[PDB]
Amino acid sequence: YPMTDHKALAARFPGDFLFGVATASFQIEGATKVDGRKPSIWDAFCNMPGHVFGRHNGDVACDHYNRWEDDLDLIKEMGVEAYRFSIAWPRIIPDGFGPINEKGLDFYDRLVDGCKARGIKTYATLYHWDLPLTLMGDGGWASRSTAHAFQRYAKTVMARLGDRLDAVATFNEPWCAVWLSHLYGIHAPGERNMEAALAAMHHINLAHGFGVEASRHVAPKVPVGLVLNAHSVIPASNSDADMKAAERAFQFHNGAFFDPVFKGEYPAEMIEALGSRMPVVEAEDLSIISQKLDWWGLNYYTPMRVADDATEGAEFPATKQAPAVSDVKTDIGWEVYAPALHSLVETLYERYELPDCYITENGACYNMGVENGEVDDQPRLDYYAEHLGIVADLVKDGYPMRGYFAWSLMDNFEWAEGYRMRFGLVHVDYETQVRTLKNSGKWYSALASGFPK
């Protein structure tokens, strides 16, 4: 049972708690070929049949590149203190390496100015998956040179925006950019090769480290973070095999990123099984990867239930999907189970020395539209109540949970799922570009408005 009474729920949060809404550049911007933007690997992935539902693409999206003032006005009306957004590398350095696109920088310059004027805090993500297509020539993330391209891109953005940005994250979800994109073939560039994935793994960890150094060198005032979909790993049974399975799944899906960044090492059992196939790790890599961060971002939606897979010749971590425990599912099919969020954060703060935590993404897919000038999305409202409940519990128990960004300000391009899957607090009619604040959004606004106190 949720609870949902906002006035009560609001009492459970400290006065300086940060409430936000989140978007990503490719998902909402459109204007793919204007002001010097060159193609990203997602433009390619969309336009090649077989990868994205309906062959949907980012050409128009929410037209946010043009309508951004309205959107910031909306965040202002909702009384949301913070906006988490991503910056398009294809706009800043269209070829990945090469000339800087001054018009690219100009746009986010204005965007940040726009937020500053409205008293909206800025949480920027440098990389939320739109890698300049040209970088695939050298091998993309499988090439170490791509990390150096990112390095220069980060130093460029932070030099321009560092005097106003409230916070910066290097990467959004290495798990997706790494395994889902290079091992499972589901996200761009759509590869299914362990050697390629391991290369991407290390080079993205490396690029993060280069990114930290770059930010601090040109904008040392801005708190630097990293955003991770750490998976709440839950065994199917308490059998010895399933417990061991959950630990391996943890090392592979979480440790591959958390241990290098926060412990300056890769997980030992993972190295045993997969080490021989990694690219060169240079003497100074791990110490660069493991620089101290001022904050970190957690993205969470649903647990990762695993069982052992004893199949002959199963690759590490040799696990398979266990069935859902809750009956409740979102429209995209993900199990709804709030307490996995609690145990996830506990495990992480026991296992790693972590800085302040912001819940950088939390939300649900529910595809109801506009009937009677209102969007009736009670199951989404329920979701936020139930999960914010857990976040308040974490605050009570002493964890340094400093903020929460509701995932998806508005409906947008949902990657492989195209425009089919809505995650927004605000409905978008893609034929008129009209924004309609959903009922869940009215609720979240009623909660967020009372902060700061």
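Quick note: we count residues from 1 along the sequence shown, nothing fancier.
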Mean C-alpha B factor from the entry: is it higher for 65 to 73 or for 50 to 58? 65 to 73
20 to 28 versus 6 to 14 - which carries the larger mean C-alpha B factor in the record: 6 to 14
Which has the highest CA B-factor per the PDB entry: 143, 254, 360, 319? 319
Highest CA temperature factor in the entry: which of 186, 177, 345, 375? 375
Modelled-residue ranking by C-alpha temperature factor, third containing residue 116: highest
What third of the chain, by the recorded C-alpha B-factor, contains residue 390? middle
Please place residue 34 in the lowest, middle or highest third of its chain according to the CA B-factor in the PDB entry. highest
Tertile call for residue 383 (CA temperature factor, within chain, third-based) is the middle
Against its chain's modelled residues, does residue 123's Cα B factor rank lowest, middle or highest third? middle
